[PDB]
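Two forms of a single protein chain come next, each set out by itself as structure tokens; they are called structure 1 and structure 2.
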Structure 1
């Protein structure tokens, strides 16, 4: 992806937006209890912790575009993945507007607690001023879509979240692109049936993990990926994507049954326009993270990409024995024979992708069931029931979370939620976690679940 052009929003008849410049995050009562290396991301150019230019840092992800055509490897990649998806019977018929907006099996309602994007954000207008799940009213919505139309600019915000202090110093904060309510609705009408079929079918046929519950899904993964493991990381995947990959996505969408007018919606993802503060800018390429379908489309593209690389690097690879599960850029895969991920990274480079060793490792060495991760979780077979597998989030990540709060009123919910992640590390580790929580006054006021109760509910869930 590449920022092609920047103009003042005033030139283009857009207002200055007003982007929150202060974190909601503050140290919690457990800040001194646990060790941690993360702090709230830099949100503004005048952050005292900055050791580099902030705006340069945040837009640096747009590394550029490769100018190459859809080659024979891509075509074969698209054909093979389209053949899997054909078994799922995805309807290309538009989703009913009420279902698209207020929810249906496999697809939750629009989030009414989030911004409505442009122009509503500059008009003081919220989603709740327009939509209500209690009434399921569409009258005010139809009228706002008629009035303001589609293909509105997305609004760039700096994401408020914890980051390593290294990334704080370099100002390497992440950006989100707020989709207009109108475009979210139009997207959901057009692709809603695809969305729900993916959500309902996580696994190696969609090549997607969206819709999964790691507590249950982790036990299925080794059954689905029974070959030699393949995993690697991407650097700035979303923003690294060149237009050729969107061209591929549109082709696979056509093979699914979508027409040109419908695939043209992808042009608004690939060739996108944005508001940041007092600027209006144009990006060619890059998946604008925050558009409707971000996860599904990033995952679909990841399925096209990794097939492409396999086919290019290894002639006589048999994709029918390839298995992969992607969640956006995150991926875990297998092939019956050892695949050199460093060679895939090499081919990836020519396609404008930056692929590095899994989990920020030093070399593209062997990926094993013991060291592989997915959705930041390790895999550990239950010692009692070896066919059941624990999703294991590292305690250090659980520690970073508990050390901060967006509101001390939520302490009970926050800490309970973390317990449900922590116990998969085992009873000893869990009790040490509970103990440190109980080492400060507030901790002793919390209702925390017993290890035995968690294990019991888990086994019961199967």
Structure 2
């Protein structure tokens, strides 16, 4: 990804986008009870905690583009991957508006809580001012779409989330893009069926985990990932994607049945126009996280990338025995024979990608079912039912999360959510977590599930 042009918004007639100022994250009643090091990400230039230039830090993910054409390795990779997807019989037919906007199996209704993007954000118009869940009205929507059309600027916001001491100090806050309501809907119509199929088929055929439920999916992963595990990370995956990978995505989407016209939206994602506070800029390359389907498209592209690197380094590799599952930039895969991830990583650097050892490790050490993680969770087979696998979210992360809140009125829901993640760490660990929660008055006012109940429902869910 590369920023090709940036100027002050007023010069082009765009009003300043009034993003927040203060973080919505505040210390929760459990802040003192549990230990933690993370803090809200920097949101403004003057943050006292900064030890670097903020503006410069947040745009540093756009490391540039390796300009190249789709080589022979990418072609074979697309072919093989496309071969897998064909098996799913993905409908390239547009999804009817009501399904694409208000919900259907495989595709949750459009979030009425998030930004409507441009120009609505400048006209004080919210999603709820156009859509209504109980009415499923589409008259105003059709009104707005016809009026403003498609291909509108994206609104760039700084993600208000917890970050490590280092990320805060370096001001490395994440940037998310809010696509215009018009574009979100148009895309959901265009790729709605693809989204649905992916959501209903997490695994090694889609090569995607987007929309999976760790409680159930974890026990299927080891069955799917047969051989020697392969796992590594990316640094700034999204912003590092070069136009070439989008070209690959378009080829694969076309092998699926989509027409050149329908894949034009991929161009919308690749060559974007952004509005960030008082600035407005153009970007070439990079996946604009936040727009419709970016998680699924990041996953699809990752399936092409890894296959591409494997073919380039290991000429003579048999992809038919290769297995992988991606959730955006997070990857976990297997091959019957050992593979040197460091070699793949260097080959990636040649394609403008920054790959590193799984979980910030020293080296591309042996990945095992004991140390491997996916979606930040570890894998631990149940002691009594070996075929059932526990998705283990580190208690450390649970502790970090419970110490803050964006809205105290959601404590009951927040804490219960954490409980659903914590018990997988074992009964002793669970009991301590519960004891400390109850060491605060609010804690004794919450309806917290008992371990034995969590275990029983989990076992019964299969």
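We call the rigid core the largest set of C-alpha positions that still match within 1.5 Å between the two forms. Numbering follows the first chain given and starts at 1.
#### Entry: Backbone CA shift between structures 1 and 2, residue 241, after core fitting (angstrom)
Displacement of the C-alpha, rigid core superposed: 0.1 Å.
#### Entry: Per-residue C-alpha deviation between structures 1 and 2 [residue 13; rigid core superposition; Å]
Its alpha carbon moves by 2.1 Å.
### Backbone CA shift between structures 1 and 2, residue 104, after core fitting (angstrom)
Looking at the C-alpha of residue 104 between structures 1 and 2, the offset is 1.2 Å.
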